[PDB]
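Enquirer: Structure incoming, see below.
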Protein chains: 2
Amino acid sequence: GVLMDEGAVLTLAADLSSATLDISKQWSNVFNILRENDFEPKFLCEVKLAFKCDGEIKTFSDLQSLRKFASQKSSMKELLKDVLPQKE
Amino acid sequence: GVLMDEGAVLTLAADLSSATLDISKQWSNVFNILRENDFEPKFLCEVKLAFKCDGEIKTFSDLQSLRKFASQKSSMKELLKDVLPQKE
């Protein structure tokens with residue numbers, strides 16, 4: 001009868017179709033109103049770990065990619081060891 | 001000292017060249033070890049607002065696109081009218 005209906009939008013595959021990552025194009029007001037009115041907003045995404053390593057900031061949007069880095073990192077080798085098999 | 005150089009890495013235009021959208025293919029361990037070792041991991045990324053709106057769960061990874069939604073949504077028009085320009 002009366003409804004504002006949306007159709008069906010396909011999903012893009014980040015590993016299967018084309019390598020896709022995140023980059024901030026948004027601003028400071030994030031789900032604030034939704035948090036107050038309890039719309040139960042989300043907050044889980046493929047965060048790119050922009051962390052400080054050896055003097056430079058790294059950006060990893062994939063732990064699989066970070067695995068390749070952490071493994072050959074003598075220091076980080078003993079850090080990610082718990083989720084990534086080490087010992088070379 | 002000698003260490004580990006890399007090649008040449010570039011970035012992607014956020015929505016300017018192609019739509020930047022987040023899709024979770026990661027698992028449970030979210031940069032935990034990096035935090036415990038104080039590499040200072042990130043967290044600020046383009047998250048999808050997977051919230052309950054009008055009975056259905058919506059996913060908005062781009063709040064710009066959400067502005068297009070809440071403007072036609074009378075319900076959310078009364079929520080976001082405080083931050084978004086509403087003449088209605």
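Enquirer: Of the residues B:66, B:16, which single one is out of contact with any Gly (no Cβ under 8 Å at 6 or more places or on another chain), among the hydrophobic types (A, V, I, L, M, F, W, C), assigned to a loop (DSSP other than H, G, I, E, B) and more than 7 Å from chain A (Cβ to nearest Cβ)?
Expert: Selected residue: B:16, the only one of B:66, B:16 that is out of contact with any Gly (no Cβ under 8 Å at 6 or more places or on another chain), among the hydrophobic types (A, V, I, L, M, F, W, C), assigned to a loop (DSSP other than H, G, I, E, B) and more than 7 Å from chain A (Cβ to nearest Cβ).
Enquirer: OK, next. Return the total of residues in the stretch A:1-32 being aliphatic (A, V, I, L, M) and either under 13 Å from residue B:45 (Cα atoms) or in contact with a strand residue (DSSP E or B) (Cβ under 8 Å, 6 or more places away or on another chain) (or both).
Expert: Looking only at that region, the number is 3.
Enquirer: Among the residues of the stretch A:35-56, is there at least one that is within 16 Å of residue B:22 (Cβ to Cβ) and either outside any loop (DSSP other than H, G, I, E, B) or polar (S, T, N, Q) (or both)?
Expert: yes
Enquirer: Considering each of B:24, B:65, B:17 in turn, give the residue that is surrounded by fewer than 11 Cβ atoms within 10 Å (Cβ to Cβ), of a type in the set (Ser, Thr, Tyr) and closer than 22 Å to residue A:10 by Cα.
Expert: Going through B:24, B:65, B:17 in turn, just one is surrounded by fewer than 11 Cβ atoms within 10 Å (Cβ to Cβ), of a type in the set (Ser, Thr, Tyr) and closer than 22 Å to residue A:10 by Cα: B:17.
Condition check ((1) facing chain B (nearest Cβ under 8 Å); (2) free of Cβ contacts under 8 Å to residues at least 24 places away in the same chain; (3) surrounded by fewer than 20 Cβ atoms within 10 Å (Cβ to Cβ); (4) closer than 20 Å to residue B:36 by Cα) across all residues:
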residue	(1), (2), (3), (4)
A:36	no, yes, yes, no
A:41	yes, yes, no, no
A:48	yes, no, no, yes
A:52	yes, yes, yes, yes
A:58	no, yes, yes, yes
A:71	no, yes, yes, yes
A:76	no, yes, no, yes
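Methodologically, a virtual Cβ is constructed for each residue, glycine included, from the backbone with ideal geometry; neighbour enumeration extends over all protein chains shown. Every number in this text was worked out from the coordinates using simple rules, so none of it is lab data.
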